[PDB]
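First, one chain by itself in structure tokens, the form deposited in one PDB entry.
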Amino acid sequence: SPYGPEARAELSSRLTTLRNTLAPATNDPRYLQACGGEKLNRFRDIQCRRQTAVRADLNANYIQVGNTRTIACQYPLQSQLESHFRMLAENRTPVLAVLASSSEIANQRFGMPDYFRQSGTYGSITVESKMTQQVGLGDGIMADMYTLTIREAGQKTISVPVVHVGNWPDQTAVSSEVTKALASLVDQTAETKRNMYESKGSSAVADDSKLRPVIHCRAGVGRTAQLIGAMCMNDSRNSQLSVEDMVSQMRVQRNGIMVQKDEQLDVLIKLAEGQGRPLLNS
């Protein structure tokens, strides 16, 4: 079987060789380095590929797999918040999907600010949050939805819709069913906001560095990548993209940890198998 153990075995030696090869070296020129003392990375070993970096002071990357464009990033640190909101607005973010649980956010030791469920002022910017709906995606997983209104004097006000999956534990894989259900909710939400921009004649709709969904969990490599992988798979234009290319592209464009657990990989393999999609190149 193309999805047999032998094949999944081949898939692993490949991705594994790639993970070892991309592990950051001290002052690695392939990765963005923090400066002036301020901390850049949340996890010293989960770094940000310099070439595809969105901003110099955020750990966050522009990702494209096949034809799917997104921005995967780390849960911002308290200090990175003003820039993080700038990246949101100028990207004219169609949808912010946050995959970090409320209990991780609630744990004050983890240093994960509640930037999206509460109003605030971050430097020049002013944010306002408004909860809208709650969608059940299956297996007891819920997604709460907000709208963030970002304002900064002299800039045009931007609204961003957020889909927060509040109960997906770090280091785990939600099921293929919950997974595709979430990929859909994210696309639909993005497609509705993009259309609002389109019906308005914004230039951002023409620019391919803008209007990309932003997605992050805590580290931005596991839960964030399981979702990126599924969004790629429901884009019809991504036909014949193997699981090997998909994963290789996420790793070369952010870091080697992309698709952190082997079970998150497994869900990606199940969705593929169900599409008759290929695992291995050649």
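Residue numbers here begin at 1 and follow the sequence given.
Below: the form solved in complex with a partner chain, not depicted.
For the chain shown alone, residue 129 is not a contact residue for its partner chain in the deposited complex, no non-hydrogen atom being within 4.5 angstroms. In the deposited complex, its partner chain sits beyond 4.5 Å of every heavy atom of residue 103. Although the partner is absent here, residue 92 lies within 4.5 Å of its partner chain in the deposited complex, judged by heavy atoms.
In the deposited complex, its partner chain stays beyond 4.5 Å of every heavy atom belonging to residue 79. The putative spot formed by 35, 55 and 58 is not touched by its partner chain in the deposited complex; no residue has a non-hydrogen atom within 4.5 angstroms of it. Picking from 94-102, 119-127, 158-166, 71-79 the stretch near its partner chain in the deposited complex, with a 4.5 Å limit on heavy atoms, gives 158-166.
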